[PDB]
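Undergrad: Give me a 3D structure for the following:
(chains A and B, ligands or ions: 2)
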Number of protein chains: 2
Amino acid sequence: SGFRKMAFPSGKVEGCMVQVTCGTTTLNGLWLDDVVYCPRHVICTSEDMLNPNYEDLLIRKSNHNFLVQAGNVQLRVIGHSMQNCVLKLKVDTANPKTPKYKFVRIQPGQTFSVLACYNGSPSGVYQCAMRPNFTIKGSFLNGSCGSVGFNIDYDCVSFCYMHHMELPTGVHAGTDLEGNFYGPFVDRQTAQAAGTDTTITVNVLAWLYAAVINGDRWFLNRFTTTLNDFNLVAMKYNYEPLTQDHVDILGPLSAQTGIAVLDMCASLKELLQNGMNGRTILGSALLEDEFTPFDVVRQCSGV
Amino acid sequence: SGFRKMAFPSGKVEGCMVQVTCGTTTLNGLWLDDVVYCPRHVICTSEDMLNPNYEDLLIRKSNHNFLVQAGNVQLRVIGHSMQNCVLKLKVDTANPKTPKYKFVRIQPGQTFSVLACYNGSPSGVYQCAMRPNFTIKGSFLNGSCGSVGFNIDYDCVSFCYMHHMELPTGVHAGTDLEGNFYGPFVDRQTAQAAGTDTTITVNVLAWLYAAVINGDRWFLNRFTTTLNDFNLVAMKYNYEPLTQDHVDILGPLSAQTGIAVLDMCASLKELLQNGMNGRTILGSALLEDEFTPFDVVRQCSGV
Ligand SMILES: *[C@](O)(C(=O)NC1CC1)[C@H](C[C@@H]1CCNC1=O)NC(=O)[C@H](CC(C)C)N1C[C@@H](NC(=O)OCc2ccccc2)CC1=O
Ligand SMILES: *[C@](O)(C(=O)NC1CC1)[C@H](C[C@@H]1CCNC1=O)NC(=O)[C@H](CC(C)C)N1C[C@@H](NC(=O)OCc2ccccc2)CC1=O
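TA: Numbering: from 1, shown residues only, chains lettered A, B, ... in the order given. Ligands and ions are numbered 1, 2, ... in the order given. And now the structure:
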């Protein structure tokens, strides 16, 4: 019992974090096998960052201009290339702590663990969702660029995020490990705005199931609805439209609780229209959308 | 920018978690040097748990009745003793992954990271406070007993909590690593109730400073107050009384923001009396008390 925002254990990722320095700029890199991954803006001077030509800035850079440091030890850079918005530095030593891993580009609404790092050293770990507007609600200071997001499947680390930037609303944007931004963001110091911050409906439903599993059922009402009827109300509150695929994903939680998804949708509809009347659900006063159905099942079944 | 509930990186603690089995009961233990620590109720049958005599139950137990398993490997138990509500199992192998560590009994209002474990394997990591009523708001299932809470000071792990039980309100209770419960709880299957859940005032103040640091200052009003005036309102809302020691601890955040602690107390007073008017502070609709002043400074300064 109880329900918390829970990160993956970070040990396997801690052993991959290094410091990368190019001139005066020090950020985080990810050391897997004989390659270090880091944001390409490590090569920028404070003036370059205004409107950089990365191709031109790389003409000026050689292997020896990248200092890679793994705790107290200097790694030897024997190659470098740019892939989209990431630099890949080939080093002469395979990381002996390299876990089983893969690179994934995550879908909007999916969650991952962030290991916030400074100067190649772990600060802390917390869970984030890739929001529909391709931003995340993180906690990142100067020095955090190159911090990574990940999931763990038993022993395999799925790396899905590399931290690059902060946006006006105090939210964050970054790339997959192939250097492609989530969203329409670019790695330059120009004003960029997040689009409408739509709510992940299927995750709100999942969290309401979690509330029922933990004995909090005050908000279950006597109504049901239809997908089309619910979605008319969703669009009004900038909720993602619910589809049969979403209903299917909530199936195991519906089965566990004996509450049909469309009955839970009806309860969600009345919470949207009437608010919580100063009551709380799993210790929250607002509707939480950063738990996936899998996060709920995992937590409630001890995976 | 941004502000999140952040756990310590868990790698150094992951390497200490083992499975302990006594008969049909399997729980978590903590392997440091040549000693495994676990809850003494590992020795209880499902009937024993109703009113156990632990001293008598231990007459029946020998070294060979404790199965300790570290991943795939069986450790050899060469000694056992009970210290308060914990068992200490002496094994013939020092844990080679033992970090620098200490055992601390934490004060009410202080925070720590929990590594939730099942069958000796890490499930996830999240931050908790030791509440004034000596309970924590965790996420624990059957199998989680022996999961530990900790802080990290640079390289040194301070272990402060071992998980034993759940309470009616869906909150949790456990011991320090010397086997002494936080609070008046006992390790037996009898109905136990948490006392009044008082709010950690100094931590709410800290979180309001965090809000100001992150540009959220809508709730700063034109008033100041006195310790005694504030405390009259505190006691009404079951807040901890504020003392000069609390003011001194908030000093660095006051200095950082240029908001005198007693001005922030006046803002807190009006939030208690008037509520948030459906507004939010750092993405929350209620007053958060599980961040210490140190948690705020650490997060806002990249420690
Ligand atoms: C990382 O580059 C970083 O940590 N660098 C290490 C060397 C110190 C940094 C992380 C940010 C900084 C604060 N919190 C974070 O997450 N990222 C940047 O500074 C971004 C640099 C670009 C990728 C080149 N960056 C640029 C900045 N953009 C900006 O100022 O645009 C103009 C603007 C005008 C008005 C209002 C707002 C913005 C945001 C950003 O993160
Ligand atoms: C741990 O013992 C555990 O994980 N054991 C491993 C072998 C499976 C367990 C953890 C709990 C279980 C669910 N979530 C948790 O955190 N702890 C217990 O089961 C406690 C056992 C005692 C320490 C011996 N325990 C006893 C139970 N008490 C109880 O039922 O009292 C009567 C009551 C009456 C009415 C209403 C409520 C309670 C609570 C508890 O955690």
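
Undergrad: Restricting to C-alpha, output the host helix or strand of residue A:28 in CSV.
TA: In the assignment (DSSP states H and E), residue A:28 maps to strand A:25-32. The C-alpha trace of strand A:25-32 is given here as CSV (Å, rounded to 0.1, in the frame of the first residue of the first chain):
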residue,chain,number,x,y,z
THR,A,25,32.5,24.1,-21.4
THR,A,26,32.2,21.1,-19.1
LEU,A,27,29.1,18.8,-19.4
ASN,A,28,28.1,15.1,-18.9
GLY,A,29,28.7,12.3,-21.3
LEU,A,30,27.4,8.7,-21.5
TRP,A,31,30.3,6.1,-21.8
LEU,A,32,29.1,2.8,-23.3
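
Undergrad: What helices and strands are in contact with that strand?
TA: Counting contacts by 3 or more Cβ pairs under 8 Å, 6 or more residues apart in numbering or on different chains; DSSP states H and E, strand A:25-32 is packed against strand A:17-22, strand A:35-39, strand A:67-70, strand A:156-167. For the C-beta atoms, the positions are set from N, CA and C on the backbone; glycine is no exception.

Undergrad: What residues sit buried inside the third one?
TA: In this case it means strand A:67-70. Of the residues in strand A:67-70, A:68-70 count as buried by neighbour count, 16 or more other Cβ atoms under 10 Å in any protein chain shown.

Undergrad: Just give the nearest non-adjacent residue to residue A:263, would you?
TA: residue A:224 (5.0 Å; Cβ to Cβ, 6 or more residues apart in numbering or on different chains).

Undergrad: Quick check: the residue of the stretch 201-303 of chain A nearest chain B.
TA: residue A:285 (3.3 Å; Cβ to the nearest Cβ).

Undergrad: Cross-check the contact I'm expecting between that residue and residue B:285.
TA: Yes - Residue A:285 is within contact range of residue B:285, at 3.3 Å (criterion: Cβ atoms under 8 Å).

Undergrad: Quickly list what's touching both of the two.
TA: When Cβ atoms under 8 Å, 6 or more residues apart in numbering or on different chains defines a contact, no residue borders residue A:285 and residue B:285 alike.

Undergrad: hang on, isn't residue A:193 packed against residue A:173?
TA: No - using Cβ under 8 Å, residue A:193 makes no contact with residue A:173, being 11.1 Å away.

Undergrad: which residues of the stretch 101-250 of chain A fall in helices?
TA: Applying DSSP state H, counting those that start in this stretch to the stretch 101-250 of chain A gives helices spanning A:201-213, A:227-236, A:244-257.

Undergrad: Remind me what the first one packs against, helices and strands.
TA: Using 3+ Cβ pairs under 8 Å, 6+ apart as the contact definition, the elements that helix A:201-213 packs against are helix A:244-257, helix A:261-274, helix A:293-301.

Undergrad: With mean neighbour count and distance to residue B:28 as added columns, please give those in a markdown table.
TA: A markdown table is the format used below for the helices and strands packed on helix A:201-213 (neighbours: other Cβ atoms under 10 Å in any protein chain shown; distance: least, Cβ to Cβ, whole Å):
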| stretch | mean neighbour count | distance to residue B:28 |
| --- | --- | --- |
| helix A:244-257 | 16 | 25 |
| helix A:261-274 | 19 | 34 |
| helix A:293-301 | 19 | 17 |
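
Undergrad: Same list (those helices) but as a markdown table, adding distance to ligand 1.
TA: A markdown table is the format used below for those (distance: least, Cβ to the nearest ligand atom, whole Å):
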| stretch | distance to ligand 1 |
| --- | --- |
| helix A:244-257 | 31 |
| helix A:261-274 | 32 |
| helix A:293-301 | 24 |
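
Undergrad: Kindly present these as CSV, with separate columns for distance to residue B:272.
TA: Below are these laid out as CSV (distance: least, Cβ to Cβ, whole Å):
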stretch, distance to residue B:272
helix A:244-257, 36
helix A:261-274, 25
helix A:293-301, 32
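
Undergrad: quick revisit: out of the helices of the stretch 101-250 of chain A, nearest to residue A:2?
TA: Taking Cβ to Cβ, helix A:201-213 is the member of the helices of the stretch 101-250 of chain A nearest to residue A:2, at 10.1 Å.

Undergrad: In a markdown table: the helices of the stretch 101-250 of chain A, plus distance to residue A:30.
TA: Converted to a markdown table, the helices of the stretch 101-250 of chain A look like this (distance: least, Cβ to Cβ, whole Å):
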| stretch | distance to residue A:30 |
| --- | --- |
| helix A:201-213 | 27 |
| helix A:227-236 | 38 |
| helix A:244-257 | 30 |
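
Undergrad: Now distance to ligand 2 too, for these, in JSON lines please.
TA: Output for those, formatted as JSON lines (distance: least, Cβ to the nearest ligand atom, whole Å):
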{"stretch": "helix A:201-213", "distance to ligand 2": "13"}
{"stretch": "helix A:227-236", "distance to ligand 2": "34"}
{"stretch": "helix A:244-257", "distance to ligand 2": "17"}
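
Undergrad: How about stretch A:239-253 and chain B, any contact?
TA: No - Stretch A:239-253 stays clear of chain B (Cβ under 8 Å from any Cβ of the partner chain), getting no nearer than 15.9 Å.

Undergrad: contact partners of that stretch?
TA: In contact with stretch A:239-253 (Cβ under 8 Å, 6+ apart) are residues A:109, A:132, A:198-202, A:204-206, A:209-210, A:213, A:227, A:230-231, A:233-235, A:261-262, A:264-265, A:272, A:293, A:296-297.

Undergrad: One more: stretch A:101-112?
TA: A:32, A:127-132, A:134, A:149-151, A:156-161, A:176-178, A:180, A:182, A:200, A:202-203, A:240, A:290-292, A:295.

Undergrad: gap between the two ends of that stretch?
TA: The first and last residues of stretch A:101-112 sit 15 Å apart, counting by Cα to Cα, to the nearest Å.

Undergrad: gap between it and the chain center?
TA: In terms of Cα atoms, centre = their mean, to the nearest Å, the centre of stretch A:101-112 is set 7 Å apart from its chain centre.

Undergrad: For residue A:3, grab the count of nearby residues.
TA: By other Cβ atoms under 10 Å in any protein chain shown, the residues close to residue A:3 number 25.

Undergrad: just the buried members of the contacts of stretch A:239-253?
TA: Buried, going by 16+ other Cβ under 10 Å: A:109, A:132, A:198-202, A:204-206, A:209-210, A:213, A:227, A:230-231, A:233-234, A:261-262, A:264-265, A:272, A:293, A:296-297, out of those.

Undergrad: Spit out the contact partners of the residue in the stretch 51-200 of chain A that ligand 2 sits nearest to.
TA: When scored by Cβ to the nearest ligand atom, the stretch 51-200 of chain A has residue A:127 as its residue closest to ligand 2, at 21.0 Å. For residue A:127, the contacting residues are A:5-7, A:111-114, A:290, A:295, by Cβ under 8 Å, 6+ apart.

Undergrad: For chain A, which residues are neighbours of ligand 2?
TA: Taking Cβ under 6 Å from any ligand atom as the measure of proximity, chain A contacts ligand 2 at residue A:1.
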